[PDB]
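Visitor: Encoded as structure tokens, here's the structure I'll be asking about.
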Amino acid sequence: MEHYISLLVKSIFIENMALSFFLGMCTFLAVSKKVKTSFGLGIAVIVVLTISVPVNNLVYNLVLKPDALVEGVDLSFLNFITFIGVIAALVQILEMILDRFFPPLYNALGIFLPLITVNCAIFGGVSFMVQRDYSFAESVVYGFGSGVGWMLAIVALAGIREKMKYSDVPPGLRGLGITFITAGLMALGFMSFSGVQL
Amino acid sequence: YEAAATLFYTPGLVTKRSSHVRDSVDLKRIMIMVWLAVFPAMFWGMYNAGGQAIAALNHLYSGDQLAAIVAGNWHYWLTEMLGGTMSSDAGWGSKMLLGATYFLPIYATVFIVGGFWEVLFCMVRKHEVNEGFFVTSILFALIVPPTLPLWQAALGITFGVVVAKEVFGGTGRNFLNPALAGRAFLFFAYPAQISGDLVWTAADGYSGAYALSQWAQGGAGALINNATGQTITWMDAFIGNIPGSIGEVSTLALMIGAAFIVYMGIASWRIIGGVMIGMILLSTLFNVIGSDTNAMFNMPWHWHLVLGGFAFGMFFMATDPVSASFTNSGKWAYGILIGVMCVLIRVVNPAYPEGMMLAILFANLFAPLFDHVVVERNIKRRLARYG
Amino acid sequence: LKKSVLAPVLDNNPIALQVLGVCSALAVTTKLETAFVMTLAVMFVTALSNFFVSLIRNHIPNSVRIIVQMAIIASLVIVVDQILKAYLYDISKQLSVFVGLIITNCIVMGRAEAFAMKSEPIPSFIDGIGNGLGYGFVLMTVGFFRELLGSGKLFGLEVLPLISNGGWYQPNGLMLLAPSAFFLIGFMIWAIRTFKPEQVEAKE
Amino acid sequence: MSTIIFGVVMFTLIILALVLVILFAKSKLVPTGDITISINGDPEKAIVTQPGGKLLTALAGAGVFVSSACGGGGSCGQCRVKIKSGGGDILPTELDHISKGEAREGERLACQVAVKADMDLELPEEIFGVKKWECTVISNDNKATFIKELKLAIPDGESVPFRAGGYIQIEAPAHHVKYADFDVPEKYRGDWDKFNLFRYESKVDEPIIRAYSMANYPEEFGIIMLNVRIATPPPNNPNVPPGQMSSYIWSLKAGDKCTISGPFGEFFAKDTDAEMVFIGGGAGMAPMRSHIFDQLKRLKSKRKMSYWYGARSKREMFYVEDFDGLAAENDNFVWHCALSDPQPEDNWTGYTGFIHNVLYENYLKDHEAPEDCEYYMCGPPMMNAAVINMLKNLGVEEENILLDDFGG
Amino acid sequence: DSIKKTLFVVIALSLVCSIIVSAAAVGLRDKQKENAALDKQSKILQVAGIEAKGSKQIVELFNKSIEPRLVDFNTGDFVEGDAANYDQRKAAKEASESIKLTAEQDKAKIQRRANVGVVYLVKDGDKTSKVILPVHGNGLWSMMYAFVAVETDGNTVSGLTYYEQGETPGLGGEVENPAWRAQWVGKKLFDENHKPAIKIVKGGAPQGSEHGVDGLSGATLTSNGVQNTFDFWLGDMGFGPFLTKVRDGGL
Amino acid sequence: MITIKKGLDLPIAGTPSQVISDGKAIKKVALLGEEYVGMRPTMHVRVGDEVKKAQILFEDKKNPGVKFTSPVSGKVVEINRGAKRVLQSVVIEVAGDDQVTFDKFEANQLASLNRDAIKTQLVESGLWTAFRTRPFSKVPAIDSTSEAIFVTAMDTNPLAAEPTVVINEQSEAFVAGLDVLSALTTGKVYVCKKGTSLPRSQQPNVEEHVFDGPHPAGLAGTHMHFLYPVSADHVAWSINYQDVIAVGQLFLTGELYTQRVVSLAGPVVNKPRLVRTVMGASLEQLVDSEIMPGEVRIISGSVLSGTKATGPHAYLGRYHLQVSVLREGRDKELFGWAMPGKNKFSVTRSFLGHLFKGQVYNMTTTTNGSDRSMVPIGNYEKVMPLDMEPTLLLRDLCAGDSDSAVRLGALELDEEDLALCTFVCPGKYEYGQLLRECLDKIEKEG
Ligand SMILES: Cc1cc2nc3c(=O)[nH]c(=O)nc-3n(C[C@H](O)[C@H](O)[C@H](O)COP(=O)(O)OP(=O)(O)OC[C@H]3O[C@@H](n4cnc5c(N)ncnc54)[C@H](O)[C@@H]3O)c2cc1C
Ligand SMILES: Cc1cc2nc3c(=O)[nH]c(=O)nc-3n(C[C@H](O)[C@H](O)[C@H](O)COP(=O)(O)O)c2cc1C
Ligand SMILES: Cc1cc2nc3c(=O)[nH]c(=O)nc-3n(C[C@H](O)[C@H](O)[C@H](O)CO)c2cc1C
Ligand code: FES
Ligand code: FES
Ligand SMILES: [Ca+2]
């Protein structure tokens, strides 16, 4: 369908929030050393942001939308509460299930879950969903697109920092500064799709 | 001074261990050979700039007011006395002279300030002055609008050297194209000086649109140039008589230069093949789809191949081995990706008229990911124990 | 004592030595009048949250400590949000989501999980104020070096006349985008690590 | 006004539902079962604990504590253990002191192992015998300006089994001791007065454990002999706290007893019989004398070696009554020394300066085959660096160079 | 067990924090609602020309002068109701009060149009001198919203101000330039044939032109956007049926 | 496996005519102590002692045993130590004919001996210094055994002797060597031969595999890839054909066989030929009067992978079958980097060399251009034929990492093959020695 593919490509390439909204950088610039290390984190972000968007959208359209529970009353001033609470509960439960029911997958996904239990890149996604007021069928697609775009961005940065093993960075900038400059140049590259419509 | 003998002479050293014979090709030869490959394009671009300037200016002004104008900016103030006249039938002696008077200050400032940065950093780290600066200086000076003031170019090259290449550790150590980063700096920080309709023609007080941008607002019959009033045809844009930048015209006069290096093995032909196949495939797809809106949907591949800034970028910017992928099968992916982007962001992105400068910076980021994928496949093969 | 609060300014800078709190830093600094409010909010929220969590540090459980700590920090951020929308709503519109993003701004997370969980409430409060001030130093310097070049103004008050009014300056367009923050922070890190050499990273 | 309580109850309900779901998941999935740790391969006894604890700290509660010198802090870098089951998940923090080749056979850093499932240990036999004793100091002679010959009386004359070069564990309680009452001879009292070392004191409120290496050789039992070094802080930094454990031992009085424990083997002499070169510095005199006595008085192997020592002055010289006798007693053993700045009354003739130059100029530079012998160094870094640089210049490698330090 | 020791503390802290959170939330709601208006009040007063310094004065003279009103786009007639709390932005988001436009209808690139809008009238008494019209269209990067002030003749523009545009400053978002705004005084919306004749002229409109306004320097997409916005919202599917009545009188 | 389509065999001047001829007199013969990777010296001799042929001369203290034997009788004259007391060369002077005798067998017995007996006799003789383990190039331990023993019955090094002429002379000795090798495997013996015909053995364990094409199609490293991929857990052994001849002579007669055939040739060699000599002969005395007047650098081994032989190193290496000479190119040329030289050479088409088919150059030892960072220009792709991607493996090697090099396949190589990729590099790096450093690091930390 035009809408349910346009929204996906939109979230994937035009507003990559790793590099167009610039969220989640505290881990973007921290866990980026090996491609086969950042791939697992990308997968974990994909699953967390594909799960936490639909449930939050359901609860928002059910009990925190104004007049949705009782006419003339609203509960706008606890949306942050419920978003962060459901995010933390889902992360904890998923980590416990990963360690219990399917142990071999813990090495690939379960280890990374305690890091992203709270994060800008996920909270901002939830807030943007609630701000743009999506329906469920498009909200799930938006969440999946956001996750996959974040995974793509972090994997590309891991590849760049792997290739840069031949560099001769000056001693002062060694590490953190060169990572920041690389991310800035990455933004300069990704400014290509600033104006396209979808 | 007498110190230039270091870069004139060969050092005259001998090997010490391992292979005691060495191939005679080297970095100092490669850079200079690229430096000598653009000339059949640079001279034509200078001539074209002079011609467009003369045609537009004499189409606009005449008489005593024209005398005042030619007694205005130092371009005309100098070329009127140095052996030429500003009339409508002027030939080489005025056209090329005006083009050179426009181009030389930009180059002489870019080269000086970039060389200052390079010598400062090289003296701080105490290595020999690298030879990868001439190519970047030429390839940046060749891709700016003629009316661009000197200090904006100085800031652009300063950014493109210090922020993109020099900090990462010099030639061969960086990961993104220095000259294209330098042009992106201007393209994003001063849009009213590098893009538009008032900077593409050297004539003072004249308005002339980018050749490509006219199709974005009208059909194939809207490619009209107001220099004297004619129609821009495919053969016209292929010979390179359209308005445009100082060096990105005359696709033929640039292909003649680029074929030399491509045949010589300096530039990989795999990337060129991949970019061409991607561009033709995606443009044919768009043409088949079609739509009454966004008039650019109908331009075919043979029209895309010559318009605007495609040929020069494809032949020189893409083939940069440091930025490009390394694996033999990854070069194809790099080429196809850049070929898709240079049409996608020019067809379905109305905000920007020119695309290659963005597409190269986009694909440089994904250059090593293809390398990693191919390497992982090869390692899987080896662990399967078949070589 | 006075001598120990300035450490997060240079010695243990939260954005220079460690990687906490970068999203707000690189997103808010488009102006200066917004950077000041963002730094005051971070300072006050961090200080109060550390004080409270250290006050009740001996009775909360470690099984679900995440929920309790994010509840006690959310009950403060959801108050500062209403305060901003009641007094400085003209500023608050500009920050948009980032005013709410103080929930997960890793400064509070790290400081609460590192210091207030095992220290006395008053040192926890002082630690919070110090870390906030250290973060605010970088915030304000990046804000100055962005706004002054991007608009010829500081705190929304003209200092460099623009070319529209025949001024000496032309507003740089790139500074108003995001990649300006990245390079500015990078050169800031270079200066910090070259004037305080003991923080230089290792080779291998 | 009405919506305030409504928001309150909704907030409480949603938080309670979240916590209820979290605990409903927790109380049905987490194993929380008994975990059994085998101290050896099919051992006589096992340990049962709860998951989540550190392996070394859990095991130390039942015994068989390890030779780690930081007590679980990960600072020693030598809490090496071997486990062949439970988990092969080597941690990146263990790679600091574990190698790719050695990791393949289940060796681990116990300080970084967190217990989650059943696993088995394969610790060597001799570790199981670690225990504690309390002994009385019977001689605390001041053999030099900064050393003491601390003699201990072992209870019941028990012959503790050990190899030369091993180290025992000693504990000390909280203390407050001033240096004005230490046993210093009047000749060395002038040297102490030179910087007024009597004025120093230290306040310690904690128990402290360290490691000490015995001077006597294994065939000598019932009496254990330890050398203790000066505990003063550097004069250039007067406010640096002094050596706590060393201060306690220096202040320990005759007749009064202290607790000893943990005879741990390390720095073993090689099984071969090649020529040996013995270089010592400062407090390494105890392991040097132990190793010298060991094979000679116990094994009687027909080896050949020499002991080279460096001293500030003749005042800092001791054990000459033993070395000058043994050298004449047997032709297999020689000993030499050099003085840095001997006093005019020392009447010294022979080698002077630092030990490295005299070693090179007297023995190594004209040796027949320096690459077929062994080297042992036990001394301060300012001598260790010089001797190792000399030896690497001479052409010996890591497999022949053996050394350690006395905790700094 | 930790069960009771966790439930007790979590419920106690929830009760502790919910009361303060809710008290803060409901306490400031009045101030939020009141302060949400000034950012638009300043623009409306400035476009009407009644300068007011300070929020107190701004609300005072707006309460004195301007009367909000509603209008039906079809037939160009007024409707009953109140406009002080009418959400024009939301009115386009619901089918009951909006219609999705088609290809020939979508000249402003909005795709949505409310069935009943809001029109502001400035008064010096029981008669109207100027009438403010809120008009919006789609630019290059995003939407733009603006006020066009016309006199009671239904022909002349008295002032134009864009209170939020979201374009690139310097060339795109130059619509906020006071000099560019000062051009719009005296221009004419319609011609003799009653058709909308406002034209954005590139390179500078001819001096004294009655239908031209200078095109934005180097922002042709933005100039085209503003031209499309006016050409749509002055047509018979916009404020044209109402403008006919403005010229008919009774304003 | 039968063909290769990459790599450029270097067109040099002074190719040797493949005709065996007698050689000059030999005075000093030495054993080099640095080419034996990982070996550390423990000598059983002192300056002035007297030794016999095949007698133990020195043994290494790393490996258990693997005694190195003097190649001919005489007396020890000097021991040239190096910096940090490394063993460089043990020079002995030829005198007398005292030798150590070993057991002898018959032709029929040579296929069914006992493996332990064969190994004992071989290691006691000292020919065990020949075999090298492919993943690390070190001589195998005294007791190890692997199922793949590769015999290099071809040679495609530049200006090198043709094995078809040498093997044909000894004839049945090669067959005896192959038959005795057939039992020292536990696997199979692979002999890599050109399209021509070679003496053939009747043991089903051995095999014949045909290879032909450019230069890299003759090294054991490349022979590995298409027949038995070497891994960390699958080591394999390689030996040149003359050592097979020596082993066959040993187990057929009972005395160590020490003669060698060296292909003295080069750009500056007055008259190339196939010389007969004893291993480790003094190069300065072997090349006497065969040089034309001029400053020359005597280089042992093949030109791409040899070691300079000035002074203490002036002796034939154990693993080298050829000697070369080059003219010292110390001259400085004005704008020579840009001058379109007719006589210059380059793998890329950036010079006039590739226009003239079959032209022959007098290449010298000039390192064109100083050290610069490698771009690269995709030069290595035309060179390396093994199924691996070198244009980034070389970057990894130059970065100092070892963990990823092992993954990419740095194990399957050595300085024997990577020299060709060092030769074509534009940055003028030394990947040949860099690979040795990386392999040493992996061996140490492994
Ligand atoms: C295996 C082994 C064997 C040993 N064998 C012997 C032996 O045979 N004989 C022997 O004498 N010792 C030996 N030692 C060393 C023994 O552990 C000493 O007691 C050691 O000095 C620790 O004792 P301490 O804690 O009293 O002193 P430490 O405090 O560890 O060191 C004393 C010195 O350090 C200074 N100091 C204290 N705290 C600090 C600080 N925070 N910063 C800077 N300087 C500080 C003190 O002022 C003083 O100068 C051995 C150690 C080991 C590990
Ligand atoms: C970075 C950048 C951003 C731009 N943004 C806008 C914009 O927001 N609106 C606009 O009308 N033009 C914008 N432009 C300019 C247009 O792309 C283009 O130059 C203009 O439409 C000139 O068209 P013309 O030649 O037909 O007059 C921008 C240019 C650049 C380089
Ligand atoms: C074929 C070729 C193309 C090049 N293209 C560029 C280019 O587009 N821009 C540039 O700045 N340098 C270019 N260079 C110069 C050089 O490779 C560049 O600065 C590298 O990024 C340096 O590492 C080129 C060099 C070669 C050989
Ligand atoms: S990543 Fe944005 S605050 Fe942590
Ligand atoms: S307990 Fe100290 S290193 Fe592990
Ligand atoms: Ca409106």
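Letters for chains follow the order of the structure tokens (A, B, ...), residue numbers begin at 1 for each chain, and ligand numbers begin at 1 in the order shown.
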Give as a VMD selection string the residues surrounding ligand 3 up to a distance of 8 Å, considering only C-alpha atoms and all ligand atoms.
Guide: (chain B and resid 30 to 31 34 132 to 137 139 to 140 165 170 to 180 261 266 to 268 313 316 to 323) or (chain F and resid 375 377)
Visitor: What are the closest atom pairs, with distances in Å to one decimal, for each residue of chain F lying within 7 Å of chain B, using only C-alpha atoms, rows by chain and rising residue number, as CSV?
Guide:
residue,atom,partner,partner_atom,distance
F:225,CA,B:387,CA,5.8
F:229,CA,B:387,CA,6.0
F:303,CA,B:20,CA,6.5
F:304,CA,B:19,CA,4.4
F:305,CA,B:18,CA,5.3
F:306,CA,B:18,CA,6.2
F:307,CA,B:17,CA,6.4
F:329,CA,B:14,CA,6.5
F:330,CA,B:12,CA,5.5
F:331,CA,B:12,CA,5.5
F:332,CA,B:12,CA,4.6
F:333,CA,B:10,CA,5.7
F:334,CA,B:9,CA,4.6
F:335,CA,B:9,CA,5.6
F:336,CA,B:10,CA,6.6
F:337,CA,B:29,CA,6.1
F:338,CA,B:29,CA,6.3
F:345,CA,B:24,CA,6.2
F:346,CA,B:23,CA,5.1
F:347,CA,B:23,CA,6.8
F:348,CA,B:265,CA,6.1
F:349,CA,B:264,CA,4.8
F:350,CA,B:264,CA,5.6
F:363,CA,B:21,CA,6.9
F:364,CA,B:21,CA,6.5
F:365,CA,B:21,CA,5.4
F:366,CA,B:14,CA,4.8
F:367,CA,B:14,CA,5.4
F:368,CA,B:24,CA,5.5
F:369,CA,B:26,CA,6.4
F:370,CA,B:11,CA,6.8
F:373,CA,B:172,CA,5.7
F:374,CA,B:172,CA,6.3
F:375,CA,B:172,CA,5.3
F:376,CA,B:321,CA,6.5
F:377,CA,B:266,CA,6.0
F:387,CA,B:387,CA,6.0
F:389,CA,B:327,CA,6.5
F:391,CA,B:326,CA,6.4
F:392,CA,B:326,CA,6.7
F:408,CA,B:379,CA,6.4
F:419,CA,B:19,CA,5.9
F:422,CA,B:19,CA,6.8
F:423,CA,B:22,CA,5.3
F:424,CA,B:23,CA,5.6
F:426,CA,B:26,CA,4.7
F:427,CA,B:26,CA,6.6
F:432,CA,B:18,CA,6.3
Visitor: Could you please write out, as a PyMOL selection string, every residue of segment 132-351 of chain D that DSSP assigns to strand (DSSP E or B)?
Guide: chain D and resi 132-141+147-153+167-172+175-178+201-204+208-213+223-229+257-264+276-281+305-311+333-339
Visitor: Select the residues contacting ligand 2 at a distance of at most 7 Å, based on only C-alpha atoms and all ligand atoms, then format the selection as a list in words.
Guide: residues 187, 188, 191, 195, 196, 197, 209, 210, 213, 351, 352 and 353 of chain B; 140, 141, 167, 168, 171, 172, 218, 219, 220, 221, 222 and 223 of chain E
Visitor: Restrict the selected residues to N, CA, C and O atoms and save them as an mmCIF file, in the first residue's frame.
Guide:
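Resulting contents of result-v1.cif:
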data_model
loop_
_atom_site.group_PDB
_atom_site.id
_atom_site.type_symbol
_atom_site.label_atom_id
_atom_site.label_comp_id
_atom_site.auth_asym_id
_atom_site.auth_seq_id
_atom_site.Cartn_x
_atom_site.Cartn_y
_atom_site.Cartn_z
ATOM 1 N N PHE B 187 28.164 24.902 0.174
ATOM 2 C CA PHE B 187 26.827 24.600 -0.318
ATOM 3 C C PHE B 187 25.786 24.660 0.784
ATOM 4 O O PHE B 187 24.611 24.920 0.512
ATOM 5 N N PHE B 188 26.186 24.411 2.027
ATOM 6 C CA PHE B 188 25.238 24.473 3.130
ATOM 7 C C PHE B 188 25.309 25.763 3.931
ATOM 8 O O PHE B 188 24.294 26.171 4.502
ATOM 9 N N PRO B 191 24.076 29.405 0.960
ATOM 10 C CA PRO B 191 23.287 28.999 -0.211
ATOM 11 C C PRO B 191 23.068 30.114 -1.211
ATOM 12 O O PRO B 191 22.904 29.837 -2.405
ATOM 13 N N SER B 195 24.425 28.319 -4.996
ATOM 14 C CA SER B 195 23.285 27.827 -5.752
ATOM 15 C C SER B 195 22.305 28.969 -5.971
ATOM 16 O O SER B 195 22.256 29.928 -5.199
ATOM 17 N N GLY B 196 21.528 28.855 -7.036
ATOM 18 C CA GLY B 196 20.567 29.873 -7.402
ATOM 19 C C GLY B 196 20.588 30.160 -8.892
ATOM 20 O O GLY B 196 20.802 29.280 -9.729
ATOM 21 N N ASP B 197 20.339 31.427 -9.216
ATOM 22 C CA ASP B 197 20.307 31.892 -10.593
ATOM 23 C C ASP B 197 21.154 33.134 -10.831
ATOM 24 O O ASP B 197 21.262 33.584 -11.974
ATOM 25 N N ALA B 209 19.426 30.941 -15.276
ATOM 26 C CA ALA B 209 19.206 29.784 -14.427
ATOM 27 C C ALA B 209 20.196 28.669 -14.744
ATOM 28 O O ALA B 209 20.831 28.648 -15.801
ATOM 29 N N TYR B 210 20.334 27.750 -13.792
ATOM 30 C CA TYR B 210 21.065 26.513 -14.019
ATOM 31 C C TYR B 210 20.406 25.763 -15.169
ATOM 32 O O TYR B 210 19.178 25.744 -15.280
ATOM 33 N N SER B 213 17.950 23.128 -13.997
ATOM 34 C CA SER B 213 16.802 23.572 -13.217
ATOM 35 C C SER B 213 15.631 23.974 -14.098
ATOM 36 O O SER B 213 14.483 23.964 -13.645
ATOM 37 N N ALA B 351 13.957 20.235 -3.600
ATOM 38 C CA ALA B 351 14.693 21.304 -2.930
ATOM 39 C C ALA B 351 16.056 21.529 -3.573
ATOM 40 O O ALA B 351 16.484 22.673 -3.762
ATOM 41 N N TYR B 352 16.757 20.450 -3.913
ATOM 42 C CA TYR B 352 18.085 20.620 -4.492
ATOM 43 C C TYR B 352 18.068 20.344 -5.990
ATOM 44 O O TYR B 352 17.447 19.376 -6.439
ATOM 45 N N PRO B 353 18.733 21.175 -6.778
ATOM 46 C CA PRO B 353 18.791 20.925 -8.221
ATOM 47 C C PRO B 353 19.932 20.004 -8.628
ATOM 48 O O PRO B 353 19.834 19.307 -9.642
ATOM 49 N N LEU E 140 8.235 25.217 0.972
ATOM 50 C CA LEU E 140 9.175 24.182 0.561
ATOM 51 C C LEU E 140 9.397 23.166 1.675
ATOM 52 O O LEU E 140 9.054 21.988 1.529
ATOM 53 N N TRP E 141 9.965 23.603 2.799
ATOM 54 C CA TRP E 141 10.269 22.659 3.868
ATOM 55 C C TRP E 141 9.012 22.241 4.617
ATOM 56 O O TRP E 141 8.818 21.053 4.895
ATOM 57 N N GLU E 167 11.156 28.032 7.432
ATOM 58 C CA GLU E 167 11.982 27.870 6.245
ATOM 59 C C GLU E 167 13.449 28.101 6.601
ATOM 60 O O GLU E 167 13.804 28.325 7.760
ATOM 61 N N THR E 168 14.319 28.050 5.600
ATOM 62 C CA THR E 168 15.730 28.330 5.815
ATOM 63 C C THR E 168 15.946 29.835 5.892
ATOM 64 O O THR E 168 15.626 30.543 4.932
ATOM 65 N N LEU E 171 17.359 33.273 2.852
ATOM 66 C CA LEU E 171 16.700 33.360 1.552
ATOM 67 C C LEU E 171 15.299 32.770 1.547
ATOM 68 O O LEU E 171 14.414 33.313 0.883
ATOM 69 N N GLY E 172 15.070 31.682 2.270
ATOM 70 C CA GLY E 172 13.765 31.058 2.268
ATOM 71 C C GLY E 172 12.807 31.732 3.222
ATOM 72 O O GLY E 172 11.747 32.211 2.814
ATOM 73 N N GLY E 218 16.202 34.618 -4.570
ATOM 74 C CA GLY E 218 16.793 33.297 -4.604
ATOM 75 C C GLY E 218 15.968 32.207 -3.964
ATOM 76 O O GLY E 218 16.498 31.125 -3.705
ATOM 77 N N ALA E 219 14.686 32.452 -3.696
ATOM 78 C CA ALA E 219 13.791 31.417 -3.177
ATOM 79 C C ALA E 219 12.569 31.344 -4.085
ATOM 80 O O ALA E 219 11.477 31.821 -3.753
ATOM 81 N N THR E 220 12.741 30.658 -5.208
ATOM 82 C CA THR E 220 11.678 30.548 -6.191
ATOM 83 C C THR E 220 10.610 29.555 -5.773
ATOM 84 O O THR E 220 9.425 29.796 -6.019
ATOM 85 N N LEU E 221 10.996 28.458 -5.122
ATOM 86 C CA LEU E 221 9.997 27.529 -4.608
ATOM 87 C C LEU E 221 9.121 28.196 -3.554
ATOM 88 O O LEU E 221 7.902 28.003 -3.538
ATOM 89 N N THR E 222 9.721 28.999 -2.673
ATOM 90 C CA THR E 222 8.939 29.699 -1.659
ATOM 91 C C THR E 222 8.028 30.759 -2.274
ATOM 92 O O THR E 222 6.870 30.902 -1.858
ATOM 93 N N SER E 223 8.529 31.517 -3.254
ATOM 94 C CA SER E 223 7.657 32.475 -3.928
ATOM 95 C C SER E 223 6.494 31.769 -4.615
ATOM 96 O O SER E 223 5.350 32.234 -4.551
#
Visitor: Residues of chain A that have any atom at most 10 Å from an atom of ligand 4: could you tabulate them with the shortest-distance atom pair and the distance in Å to one decimal, using only C-alpha atoms and all ligand atoms, ordered by chain and increasing number, as CSV?
Guide:
residue,atom,partner,partner_atom_place_in_ligand_line,distance
A:18,CA,ligand 4,1 (S),9.8
A:22,CA,ligand 4,2 (Fe),8.0
A:23,CA,ligand 4,2 (Fe),5.3
A:24,CA,ligand 4,1 (S),3.6
A:25,CA,ligand 4,1 (S),4.2
A:26,CA,ligand 4,1 (S),3.5
A:27,CA,ligand 4,1 (S),5.9
A:28,CA,ligand 4,1 (S),7.4
A:29,CA,ligand 4,1 (S),8.9
A:30,CA,ligand 4,1 (S),9.7
A:116,CA,ligand 4,1 (S),9.5
A:118,CA,ligand 4,4 (Fe),8.6
A:119,CA,ligand 4,4 (Fe),5.9
A:120,CA,ligand 4,2 (Fe),4.6
A:121,CA,ligand 4,1 (S),6.8
A:122,CA,ligand 4,1 (S),9.6
A:123,CA,ligand 4,2 (Fe),9.6
A:124,CA,ligand 4,2 (Fe),9.4
Visitor: Do you know which residues are within 7 Å of ligand 1 using only C-alpha atoms and all ligand atoms? Can you write them as a ChimeraX atom specification?
Guide: /D:69,167,210-214,226-229,231-234,240-247,283-284,286-287,405-408
Visitor: Could you pull out the residues sitting within 12 Å of ligand 5, using only C-alpha atoms and all ligand atoms, and write them as a ChimeraX atom specification?
Guide: /D:54-57,60,65-81,93-98,108-114
Visitor: Pick from E:100, E:187, E:89, E:127: nearest to ligand 6, with only C-alpha atoms and all ligand atoms counted?
Guide: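 Looking at the shortest contact to ligand 6, the residue is E:89.
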Visitor: Please, which residues have at least one atom within 7 Å of an atom of ligand 6, using only C-alpha atoms and all ligand atoms, listed as a VMD selection string?
Guide: chain E and resid 88 134 to 136
Visitor: Which parts of segment 57-243 of chain E does DSSP call helix (DSSP H, G or I) when run on the backbone here, written out as a PyMOL selection string?
Guide: chain E and resi 57-65+74-76+88-91+95-97+174-176+178-182+220-233+240-243
Visitor: Taking only residues of chain C that have an atom at most 10 Å from an atom of chain D, what is each one's shortest atom pair and its distance in Å to one decimal, using only C-alpha atoms, in chain and number order, as CSV?
Guide:
residue,atom,partner,partner_atom,distance
C:63,CA,D:23,CA,9.2
C:64,CA,D:19,CA,7.8
C:67,CA,D:19,CA,7.9
C:68,CA,D:15,CA,9.5
C:71,CA,D:15,CA,8.8
Visitor: Now that the selection is made, can you save its residues with N, CA and C atoms as a short mmCIF file (atom, residue, chain, number, x, y, z; two decimals), in the first residue's frame?
Guide:
data_model
loop_
_atom_site.label_atom_id
_atom_site.label_comp_id
_atom_site.auth_asym_id
_atom_site.auth_seq_id
_atom_site.Cartn_x
_atom_site.Cartn_y
_atom_site.Cartn_z
N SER C 63 15.68 -4.93 43.63
CA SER C 63 15.05 -5.76 42.61
C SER C 63 14.42 -4.90 41.51
N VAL C 64 13.66 -3.88 41.90
CA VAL C 64 12.91 -3.05 40.95
C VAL C 64 13.34 -1.59 41.09
N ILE C 67 12.32 1.20 38.58
CA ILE C 67 10.99 1.79 38.59
C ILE C 67 10.90 2.89 39.65
N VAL C 68 11.42 2.62 40.85
CA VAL C 68 11.34 3.59 41.94
C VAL C 68 12.12 4.85 41.58
N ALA C 71 10.45 6.81 38.82
CA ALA C 71 9.27 7.47 39.38
C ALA C 71 9.65 8.74 40.13
#
Visitor: Skip residue 246 of chain B itself and residues of its chain fewer than 6 positions away, then list as a list in words all residues within 9 Å of it, counting only C-alpha atoms.
Guide: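 Skipping anything fewer than 6 positions along the chain leaves residues 42, 44, 45, 46, 48, 49, 99, 102, 103, 141, 142, 143, 144, 145 and 146 of chain B.
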